[PDB]
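Engineer: Experimental coordinates for this protein are included below, preceded by the sequence.
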Amino acid sequence: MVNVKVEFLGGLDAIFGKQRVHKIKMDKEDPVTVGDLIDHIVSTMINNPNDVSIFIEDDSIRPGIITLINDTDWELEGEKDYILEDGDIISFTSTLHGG
């Protein structure tokens, strides 16, 4: 029903499959929060102790991963306090290389 064009960079797209930009689709309820989107990526999209383990750590994202929502900072709004919106442009980045 919905669609979100996310752009993974730094060291995230490498896990997805060298995909600088990937679209996601979720179908559950109307008031779908951003936290749900990430969940979808870690549920059906990804399912292995290597790709998701590094991204999510015990229901908690790994401190350091960047996430630009609508050309803005994730923490700026409220992390998971941002309702989704089909037709948005999300961006992900990682300031970590080697070690």
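Structural biologist: Structure's in. What do you need? Residues are numbered from 1 along each chain as shown.

Engineer: how far away is the nearest residue to residue 35 once chain neighbours are set aside from residue 41?
Structural biologist: Once flanking residues are discounted, residue 35 sits nearest to residue 80: 3.5 Å by C-beta to C-beta, 6 or more residues apart in numbering. Where C-beta positions appear, they are placed from N, C-alpha and C, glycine not excepted. Going from residue 80 to residue 41 by C-beta to C-beta, to the nearest Å gives 14 Å.

Engineer: neighbour-wise, which of these two wins?
Structural biologist: residue 41 (20 against 15; other C-beta atoms under 10 Å).

Engineer: Nearest spatial neighbour of that one, chain-adjacent residues omitted?
Structural biologist: residue 24 (6.6 Å).

Engineer: so who does the one you found touch?
Structural biologist: Residues in contact with residue 24 (C-beta atoms under 8 Å, 6 or more residues apart in numbering) are 3, 4, 6, 37, 40, 41, 45.

Engineer: helix or strand right after whatever helix or strand residue 35 lives in?
Structural biologist: Residue 35 belongs to helix 34-40 when assigned by DSSP states H and E. Under the assignment DSSP H and E, the closest C-terminal helix or strand after helix 34-40 is helix 52-55.
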